[PDB]
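Report on the following structure.
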Amino acid sequence: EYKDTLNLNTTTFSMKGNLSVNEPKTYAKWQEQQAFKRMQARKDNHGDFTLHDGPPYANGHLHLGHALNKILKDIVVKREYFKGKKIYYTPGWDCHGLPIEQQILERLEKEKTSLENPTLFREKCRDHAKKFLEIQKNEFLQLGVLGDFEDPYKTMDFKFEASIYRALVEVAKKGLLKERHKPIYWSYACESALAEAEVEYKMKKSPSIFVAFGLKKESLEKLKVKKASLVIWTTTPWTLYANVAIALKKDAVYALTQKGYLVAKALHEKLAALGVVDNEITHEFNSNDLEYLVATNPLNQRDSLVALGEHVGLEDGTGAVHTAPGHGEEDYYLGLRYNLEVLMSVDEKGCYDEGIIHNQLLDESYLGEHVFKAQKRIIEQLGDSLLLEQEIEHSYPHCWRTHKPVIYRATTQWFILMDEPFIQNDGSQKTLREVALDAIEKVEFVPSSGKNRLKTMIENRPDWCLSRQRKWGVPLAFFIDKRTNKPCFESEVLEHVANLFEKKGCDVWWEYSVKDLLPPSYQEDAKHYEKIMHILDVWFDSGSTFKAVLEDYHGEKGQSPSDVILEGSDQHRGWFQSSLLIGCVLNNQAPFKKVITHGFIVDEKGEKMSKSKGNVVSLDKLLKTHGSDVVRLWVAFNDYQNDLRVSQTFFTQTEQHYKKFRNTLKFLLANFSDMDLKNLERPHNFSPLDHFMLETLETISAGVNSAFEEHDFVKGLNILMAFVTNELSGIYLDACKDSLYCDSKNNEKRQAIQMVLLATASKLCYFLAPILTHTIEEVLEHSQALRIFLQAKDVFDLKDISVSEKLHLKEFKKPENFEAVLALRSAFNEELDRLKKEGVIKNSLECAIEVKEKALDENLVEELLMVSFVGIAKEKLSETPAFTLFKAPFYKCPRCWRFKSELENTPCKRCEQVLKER
Ligand SMILES: CC(C)[C@H](N)C(=O)OP(=O)(O)OC[C@H]1O[C@@H](n2cnc3c(N)ncnc32)[C@H](O)[C@@H]1O
Ligand SMILES: [Zn+2]
């Protein structure tokens, strides 16, 4: 046996990753040695890159969605660092708001107690966010991500709360913060106003009723008919107490039925078929002639003005809209257009209050009843004025944290105005809506489709309600001047409060008196001021991160505008939008240059992950099972810009991708492990096959890099895998196995192959470093030849090398053209397959080939096809137009197993020299 006499060609780099054991040691090392602060400190940094982290809410353990987010940021940041740039990536945490406070509220009820005290209540919220900020930081680090995680930004930091307030101050001083009174989203479960980003639309069952409002005697007499009752359709009988008007479409025909029901003519066929009204039409009237008629509410006998709405629809309902200014936005403006009462007797908990008694809007038995529980009895009380009751299902707004359905209540709140012109920094005049639309156009969106998703929301969004009635957050810390009943926006007062917030935090706004919150110039008039006690929308907190992080640290944590932000698709409704609006107020532009949007983590069915249905695949279990580098590769190897379905069969296919990458690196390290390192200093004479591989390596390297530049990691990884699978393993390593294992260690041709393998292993390490960082760190740990070839202590010294300069290749060396011999190789391998089907021969080495086109260099044909002989022989095997196969007229060599030995069981001529070399 000659197996002892072959080159060993082994490496300590193991085949099995054993990731759940080795990865924790790597990530713990990067924290001990401060790898990120070392990345920033790299002395040859050239250029700058800023990724501004969007702060996840400081609540709960991380799920797979958080991991997808951070891993994608980690790939983008590591890509820029390995391109040679100074990077800025300070992660942050969203600590205020209902995402944290609602958990305190739910914990207190399960604990059977409560908490009136403001300071102590904010403390338990603050401690909850601190506890889960630290839990999430360590779970992020167990994914291999690198950022300033030991110095993250926190909205609960005193300096940060002061930065948020100073951002609000800028909004106020530009004339965009104004009080408004109108119906808005109201969550009775937390007794607070809401805006769109705090609202979740989902399907809900609801009553759907058609109600008859009889015309009063004088209106019947003015219309000259015996009976007439306008029919309204509504899904909210809880608002009927607050009716003041019935709205019709302007200049539209309304049909009067023989039973005396008045509806829009365009809808009579639907309503008659529904059995709401009868089928016979006696008269038709124009809605213009019906305006200012008066009807009688059948619920409380109150008057109802027949009015004309701006856009009454004739596709649904009846063409007659029950109008309640207290509980509808378009209802409110119509009530003001006709100067009607704003009836609103629903308190902050969604229950009828004493206003129904004083204004006789509803029977006293409804006092204290919740509006949704009272609807069954209201419908019964409608009597025979109820023409038809159905139950339907419609999309309905719910509170994002209490998950209860919201209502609308006419209330006075604070708003950022969208269509109010304000003075631009360049001296011009524009509305916030116009500025945001122009700022969107300067932002690159990845994918491009996310642009008009944000553009559409900006085109249609209303004024932004900022004021909330909760405790955990940054207060709208302004004083109302009782003398003028306006807010005080004088700079000395606002900066005095801001300085106090910066040193002490926002707790002082609840604790201190009015005079102690006022500057010295103002205490003599302390009696004339009252504190606003609303807190800011938590989406204003996160929308201000660019100012608190990028601007207030003067580029020490990144430049404003940032180069890249990267969040999930639900952030067009949220952080993307709130940051755009706040950035457009302060700087008149978006605080980001590029938006990368990724999809959501969904189950095997494509359904949303819920902590209830159990479709949640826990991140911890996923990491223990597959390892972080496989989860990272699963992210990069999949269509992250769309939703990602989680199934263990998809991670198995990813492990096969990781095994293939890892097995390839093990072969490379094993087959240049014995190369004398003074080979690195001298130029080599590379073969045609060597140059084909070096030129192919250069071609796919440009493709992988160009794809990774566009963040299309699937495309680049496919180019990498196909190269690894076809050109590298299938062709090159197959043809070099004889020289690597059977030629002398001193053979210049074997040494040249090892340089090619060394170059290939360098390129794979560079391109895989941002994705499989622990694995590439492991590779460099096990190869002294790789560490000296790349001049790298570890993975963080990786640079994109020039293969030409480090291998001393000639300029204007004409590229190889293997289009002919590779097609002959394909044709031979097909014919070789069928000869093995018959069982004639077992290997390519048993064959001799005579090619009919002598243009093909003989020894390259022998190398690529791994025939033992090129030319004529005795025993024909089969023939094609291109070649003839013969049985190799030699014995199999006992050492290299090639058919090149002239005598049985005797080493071939090459192996004899090697076996006796001194
Ligand atoms: C200021 C913002 C960031 C706000 N604090 C917030 O929403 O913070 P939040 O903690 O809710 O999320 C923070 C980030 O995680 C992503 N995200 C959440 N659920 C996901 C899911 N099922 N699949 C994939 N990504 C998911 C989400 O888009 C965001 O980029
Ligand atoms: Zn041999």
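Chain labels follow the order of the structure tokens: the first chain is A, the next B, and so on; residue numbering restarts at 1 in every chain, and ligands are counted from 1 in their shown order.
Proximal residues of ligand 2 are residues 742, 892, 893, 894, 895, 896, 897, 898, 899, 900, 901, 906, 907, 908, 909, 910, 911 and 912 of chain A, by a cut-off of 9 Å on only C-alpha atoms and all ligand atoms.
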ask   = Within 8 Å of ligand 1, counting only C-alpha atoms and all ligand atoms: which residues, as a PyMOL selection string?
value = chain A and resi 54-59+63-69+93-94+539+542-543+566-571+574-575+598-602+608-609+643
request  = Extract, using only C-alpha atoms, all DNA, RNA and protein residues at most 12 Å from residue 791 (chain A), discarding same-chain residues fewer than 6 positions from it, and format them as an NGL selection string.
outcome  = :A and (680 or 762 or 780 or 783-785 or 797-801 or 806)
Filtering to N, CA and C atoms, could you give me those residues as a PDB file, in the first residue's frame?
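What ended up in out.pdb:
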```
ATOM      1  N   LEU A 680       5.264  32.527  -1.282  1.00  0.00           N
ATOM      2  CA  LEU A 680       4.509  33.774  -1.357  1.00  0.00           C
ATOM      3  C   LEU A 680       5.345  34.905  -1.937  1.00  0.00           C
ATOM      4  N   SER A 762      -8.825  33.155  -0.353  1.00  0.00           N
ATOM      5  CA  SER A 762      -8.850  34.553   0.061  1.00  0.00           C
ATOM      6  C   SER A 762     -10.124  35.244  -0.408  1.00  0.00           C
ATOM      7  N   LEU A 780      -9.518  31.633   9.306  1.00  0.00           N
ATOM      8  CA  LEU A 780      -8.248  32.321   9.507  1.00  0.00           C
ATOM      9  C   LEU A 780      -7.503  31.785  10.721  1.00  0.00           C
ATOM     10  N   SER A 783      -5.325  28.549   9.565  1.00  0.00           N
ATOM     11  CA  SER A 783      -4.454  28.602   8.391  1.00  0.00           C
ATOM     12  C   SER A 783      -3.430  29.719   8.570  1.00  0.00           C
ATOM     13  N   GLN A 784      -2.196  29.338   8.911  1.00  0.00           N
ATOM     14  CA  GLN A 784      -1.113  30.314   8.976  1.00  0.00           C
ATOM     15  C   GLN A 784      -0.751  30.835   7.592  1.00  0.00           C
ATOM     16  N   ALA A 785      -0.904  30.004   6.559  1.00  0.00           N
ATOM     17  CA  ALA A 785      -0.629  30.456   5.200  1.00  0.00           C
ATOM     18  C   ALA A 785      -1.626  31.521   4.762  1.00  0.00           C
ATOM     19  N   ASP A 797      -9.066  42.201   9.843  1.00  0.00           N
ATOM     20  CA  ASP A 797      -8.024  42.732   8.977  1.00  0.00           C
ATOM     21  C   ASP A 797      -8.250  42.385   7.512  1.00  0.00           C
ATOM     22  N   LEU A 798      -9.371  41.745   7.182  1.00  0.00           N
ATOM     23  CA  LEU A 798      -9.628  41.345   5.806  1.00  0.00           C
ATOM     24  C   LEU A 798      -9.756  42.563   4.901  1.00  0.00           C
ATOM     25  N   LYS A 799      -9.049  42.525   3.778  1.00  0.00           N
ATOM     26  CA  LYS A 799      -9.174  43.517   2.726  1.00  0.00           C
ATOM     27  C   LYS A 799      -9.447  42.800   1.413  1.00  0.00           C
ATOM     28  N   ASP A 800     -10.057  43.518   0.474  1.00  0.00           N
ATOM     29  CA  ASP A 800     -10.220  42.982  -0.874  1.00  0.00           C
ATOM     30  C   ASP A 800      -8.869  43.025  -1.576  1.00  0.00           C
ATOM     31  N   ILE A 801      -8.286  41.858  -1.809  1.00  0.00           N
ATOM     32  CA  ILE A 801      -6.941  41.776  -2.355  1.00  0.00           C
ATOM     33  C   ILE A 801      -7.004  41.813  -3.876  1.00  0.00           C
ATOM     34  N   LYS A 806      -0.651  40.106  -6.005  1.00  0.00           N
ATOM     35  CA  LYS A 806      -0.129  39.151  -5.036  1.00  0.00           C
ATOM     36  C   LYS A 806       0.348  37.863  -5.691  1.00  0.00           C
TER      37      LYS A 806
END
```
note = Counting only C-alpha atoms, the residue among A:410, A:440, A:167, A:184 that lies closest to residue 456 (chain A) is A:440
inquiry  = So that I can check the surroundings of residue 138 (chain A), please list as a ChimeraX atom specification every protein, DNA and RNA residue that reaches within 10 Å of it, counting only C-alpha atoms and ignoring chain neighbours fewer than 5 positions away.
reply    = /A:62,132-133,143,149
Restrict the selected residues to C-alpha atoms and save them as a PDB file, in the first residue's frame.
```pdb
ATOM      1  CA  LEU A  62     -36.320  38.878  20.638  1.00  0.00           C
ATOM      2  CA  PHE A 132     -35.545  44.107  28.571  1.00  0.00           C
ATOM      3  CA  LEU A 133     -33.030  46.490  26.998  1.00  0.00           C
ATOM      4  CA  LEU A 143     -26.381  36.509  16.530  1.00  0.00           C
ATOM      5  CA  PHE A 149     -23.929  47.799  21.879  1.00  0.00           C
TER       6      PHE A 149
END
```
ask   = Could you state the separation of CA of residue 188 (chain A) and CA of residue 610 (chain A) in Å, given to one decimal place?
value = 24.3 Å
Spatial neighbours of residue 232 (chain A), 10 Å, only C-alpha atoms, chain gap at least 2 places, as a PDB file with N, CA, C and O atoms, in the first residue's frame:
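As a result, result25.pdb now contains:
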```pdb
ATOM      1  N   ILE A 209     -77.885  48.529  10.457  1.00  0.00           N
ATOM      2  CA  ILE A 209     -79.310  48.801  10.577  1.00  0.00           C
ATOM      3  C   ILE A 209     -79.716  49.930   9.641  1.00  0.00           C
ATOM      4  O   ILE A 209     -78.923  50.817   9.312  1.00  0.00           O
ATOM      5  N   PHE A 210     -80.975  49.880   9.212  1.00  0.00           N
ATOM      6  CA  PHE A 210     -81.606  50.932   8.426  1.00  0.00           C
ATOM      7  C   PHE A 210     -82.722  51.528   9.273  1.00  0.00           C
ATOM      8  O   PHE A 210     -83.621  50.802   9.714  1.00  0.00           O
ATOM      9  N   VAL A 211     -82.661  52.838   9.508  1.00  0.00           N
ATOM     10  CA  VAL A 211     -83.534  53.514  10.460  1.00  0.00           C
ATOM     11  C   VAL A 211     -84.317  54.604   9.741  1.00  0.00           C
ATOM     12  O   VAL A 211     -83.767  55.325   8.900  1.00  0.00           O
ATOM     13  N   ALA A 212     -85.597  54.733  10.085  1.00  0.00           N
ATOM     14  CA  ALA A 212     -86.482  55.724   9.486  1.00  0.00           C
ATOM     15  C   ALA A 212     -86.582  56.948  10.388  1.00  0.00           C
ATOM     16  O   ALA A 212     -86.920  56.829  11.572  1.00  0.00           O
ATOM     17  N   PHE A 213     -86.289  58.117   9.823  1.00  0.00           N
ATOM     18  CA  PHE A 213     -86.436  59.402  10.500  1.00  0.00           C
ATOM     19  C   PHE A 213     -87.633  60.120   9.889  1.00  0.00           C
ATOM     20  O   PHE A 213     -87.570  60.576   8.742  1.00  0.00           O
ATOM     21  N   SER A 229     -90.325  59.659   5.370  1.00  0.00           N
ATOM     22  CA  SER A 229     -89.307  59.379   6.375  1.00  0.00           C
ATOM     23  C   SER A 229     -87.999  59.058   5.669  1.00  0.00           C
ATOM     24  O   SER A 229     -87.936  58.119   4.871  1.00  0.00           O
ATOM     25  N   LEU A 230     -86.965  59.841   5.955  1.00  0.00           N
ATOM     26  CA  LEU A 230     -85.645  59.533   5.427  1.00  0.00           C
ATOM     27  C   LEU A 230     -85.094  58.286   6.102  1.00  0.00           C
ATOM     28  O   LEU A 230     -85.184  58.127   7.323  1.00  0.00           O
ATOM     29  N   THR A 234     -76.521  52.764   9.135  1.00  0.00           N
ATOM     30  CA  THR A 234     -75.403  52.978  10.039  1.00  0.00           C
ATOM     31  C   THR A 234     -74.996  51.655  10.666  1.00  0.00           C
ATOM     32  O   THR A 234     -75.826  50.767  10.884  1.00  0.00           O
ATOM     33  N   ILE A 246     -79.199  64.831   8.969  1.00  0.00           N
ATOM     34  CA  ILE A 246     -79.196  63.763   7.976  1.00  0.00           C
ATOM     35  C   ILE A 246     -78.647  64.352   6.686  1.00  0.00           C
ATOM     36  O   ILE A 246     -79.233  65.289   6.129  1.00  0.00           O
ATOM     37  N   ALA A 247     -77.529  63.811   6.213  1.00  0.00           N
ATOM     38  CA  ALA A 247     -76.831  64.360   5.060  1.00  0.00           C
ATOM     39  C   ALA A 247     -77.243  63.640   3.783  1.00  0.00           C
ATOM     40  O   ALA A 247     -77.351  62.410   3.752  1.00  0.00           O
ATOM     41  N   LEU A 248     -77.472  64.418   2.729  1.00  0.00           N
ATOM     42  CA  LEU A 248     -77.832  63.892   1.424  1.00  0.00           C
ATOM     43  C   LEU A 248     -76.806  64.337   0.392  1.00  0.00           C
ATOM     44  O   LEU A 248     -76.022  65.262   0.622  1.00  0.00           O
ATOM     45  N   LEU A 262     -88.213  57.692   2.114  1.00  0.00           N
ATOM     46  CA  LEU A 262     -87.466  58.590   1.243  1.00  0.00           C
ATOM     47  C   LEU A 262     -86.006  58.162   1.216  1.00  0.00           C
ATOM     48  O   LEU A 262     -85.315  58.237   2.237  1.00  0.00           O
ATOM     49  N   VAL A 263     -85.544  57.710   0.050  1.00  0.00           N
ATOM     50  CA  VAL A 263     -84.164  57.289  -0.154  1.00  0.00           C
ATOM     51  C   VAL A 263     -83.699  57.799  -1.512  1.00  0.00           C
ATOM     52  O   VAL A 263     -84.485  58.303  -2.316  1.00  0.00           O
ATOM     53  N   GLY A 317     -75.418  51.990   1.554  1.00  0.00           N
ATOM     54  CA  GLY A 317     -76.386  52.684   2.384  1.00  0.00           C
ATOM     55  C   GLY A 317     -77.623  53.102   1.613  1.00  0.00           C
ATOM     56  O   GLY A 317     -78.180  52.342   0.812  1.00  0.00           O
ATOM     57  N   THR A 318     -78.063  54.337   1.860  1.00  0.00           N
ATOM     58  CA  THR A 318     -79.329  54.831   1.333  1.00  0.00           C
ATOM     59  C   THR A 318     -79.239  56.171   0.620  1.00  0.00           C
ATOM     60  O   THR A 318     -80.243  56.603   0.043  1.00  0.00           O
ATOM     61  N   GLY A 319     -78.088  56.838   0.633  1.00  0.00           N
ATOM     62  CA  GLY A 319     -78.020  58.217   0.206  1.00  0.00           C
ATOM     63  C   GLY A 319     -78.407  59.216   1.273  1.00  0.00           C
ATOM     64  O   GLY A 319     -78.433  60.421   0.993  1.00  0.00           O
ATOM     65  N   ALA A 320     -78.717  58.749   2.482  1.00  0.00           N
ATOM     66  CA  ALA A 320     -79.040  59.601   3.619  1.00  0.00           C
ATOM     67  C   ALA A 320     -78.169  59.172   4.788  1.00  0.00           C
ATOM     68  O   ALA A 320     -78.291  58.041   5.271  1.00  0.00           O
ATOM     69  N   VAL A 321     -77.301  60.072   5.247  1.00  0.00           N
ATOM     70  CA  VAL A 321     -76.261  59.748   6.220  1.00  0.00           C
ATOM     71  C   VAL A 321     -76.617  60.376   7.564  1.00  0.00           C
ATOM     72  O   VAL A 321     -76.685  61.607   7.685  1.00  0.00           O
ATOM     73  N   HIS A 322     -76.842  59.528   8.572  1.00  0.00           N
ATOM     74  CA  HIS A 322     -76.992  59.991   9.949  1.00  0.00           C
ATOM     75  C   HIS A 322     -75.709  60.670  10.405  1.00  0.00           C
ATOM     76  O   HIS A 322     -74.639  60.052  10.426  1.00  0.00           O
ATOM     77  N   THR A 323     -75.815  61.946  10.760  1.00  0.00           N
ATOM     78  CA  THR A 323     -74.659  62.794  11.018  1.00  0.00           C
ATOM     79  C   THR A 323     -74.548  63.067  12.513  1.00  0.00           C
ATOM     80  O   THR A 323     -75.490  63.579  13.128  1.00  0.00           O
ATOM     81  N   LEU A 386     -87.061  50.866  12.957  1.00  0.00           N
ATOM     82  CA  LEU A 386     -86.011  49.972  12.483  1.00  0.00           C
ATOM     83  C   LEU A 386     -86.562  49.162  11.317  1.00  0.00           C
ATOM     84  O   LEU A 386     -87.413  48.287  11.508  1.00  0.00           O
ATOM     85  N   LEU A 387     -86.085  49.448  10.107  1.00  0.00           N
ATOM     86  CA  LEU A 387     -86.650  48.790   8.936  1.00  0.00           C
ATOM     87  C   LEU A 387     -85.977  47.455   8.644  1.00  0.00           C
ATOM     88  O   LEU A 387     -86.615  46.557   8.083  1.00  0.00           O
TER      89      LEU A 387
END
```
ask   = Looking only at the backbone, which of the residues in region 228-385 of chain A does DSSP tag as strand (DSSP E or B), as a VMD selection string?
value = chain A and resid 229 to 234 245 to 249 253 to 257 261 to 264 281 to 286 294 to 296 303 to 309 320 to 323 346 351 to 352 370
Counting only C-alpha atoms, which residues of region 702-771 of chain A fall within 12 Å of region 6-13 of chain A, and what is the closest atom pair for each with its distance in Å at one decimal, ordered by chain and rising number, as a Markdown table?
```
| residue | atom | partner | partner_atom | distance |
| --- | --- | --- | --- | --- |
| A:737 | CA | A:9 | CA | 10.6 |
| A:738 | CA | A:6 | CA | 9.9 |
| A:739 | CA | A:7 | CA | 9.6 |
| A:740 | CA | A:7 | CA | 7.2 |
| A:741 | CA | A:7 | CA | 5.0 |
| A:742 | CA | A:6 | CA | 5.6 |
| A:743 | CA | A:7 | CA | 8.2 |
| A:744 | CA | A:7 | CA | 8.2 |
| A:745 | CA | A:7 | CA | 7.7 |
| A:746 | CA | A:7 | CA | 11.4 |
| A:750 | CA | A:7 | CA | 11.2 |
| A:754 | CA | A:9 | CA | 11.1 |
```
request  = Identify, on the basis of only C-alpha atoms, every residue whose closest approach to residue 292 (chain A) does not exceed 9 Å; exclude the query and any residue fewer than 2 positions from it along the same chain; express the result as a PyMOL selection string.
outcome  = chain A and resi 219+289-290+294+305-307
request  = State, in Å with one decimal place, the distance from CA of residue 749 (chain A) to CA of residue 689 (chain A).
outcome  = 11.1 Å
inquiry  = Can you tell me which residues surround residue 370 (chain A) at a distance of at most 8 Å, considering only C-alpha atoms, apart from same-chain residues fewer than 6 positions away, and format the answer as a PyMOL selection string?
reply    = chain A and resi 349-352
Residue subset to file, keeping C-alpha atoms, as a PDB file, in the first residue's frame:
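The file below, part.pdb, is the result:
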```pdb
ATOM      1  CA  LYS A 349     -63.788  55.095  29.131  1.00  0.00           C
ATOM      2  CA  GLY A 350     -66.285  54.769  26.274  1.00  0.00           C
ATOM      3  CA  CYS A 351     -69.329  55.100  28.550  1.00  0.00           C
ATOM      4  CA  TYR A 352     -72.282  57.480  28.325  1.00  0.00           C
TER       5      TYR A 352
END
```
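CA of residue 430 (chain A) is found 24.5 Å from CA of residue 541 (chain A).
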message = Taking only region 485-589 of chain A into account, list the residues labelled helix (DSSP H, G or I) by DSSP (computed from the backbone), as a ChimeraX atom specification.
response = /A:491-504,508-511,520-528,538-543,545-551,569-571,575-586
ask   = Nearest to residue 256 (chain A): which of A:376, A:779, A:280, A:74 is it, counting only C-alpha atoms?
value = A:280
Could you give me, as CSV, a per-residue list for region 95-202 of chain A showing, wherever an atom lies at most 12 Å from an atom of region 504-515 of chain A, the closest pair of atoms and their distance in Å to one decimal, using only C-alpha atoms and sorting by chain then residue number from low to high?
```
residue,atom,partner,partner_atom,distance
A:96,CA,A:506,CA,11.8
A:117,CA,A:510,CA,10.0
A:118,CA,A:510,CA,7.1
A:119,CA,A:507,CA,6.3
A:120,CA,A:507,CA,9.7
A:121,CA,A:507,CA,10.5
A:122,CA,A:507,CA,8.0
A:123,CA,A:507,CA,9.3
A:126,CA,A:507,CA,11.2
A:155,CA,A:505,CA,10.9
A:156,CA,A:505,CA,8.4
A:157,CA,A:505,CA,7.6
A:158,CA,A:505,CA,4.5
A:159,CA,A:505,CA,7.6
A:160,CA,A:505,CA,8.9
A:161,CA,A:505,CA,6.7
A:162,CA,A:505,CA,7.3
A:163,CA,A:505,CA,10.8
A:164,CA,A:506,CA,10.8
A:165,CA,A:506,CA,9.5
```
remark   = With distances taken over only C-alpha atoms, the candidate from A:179, A:831, A:858, A:846 nearest residue 880 (chain A) is A:831
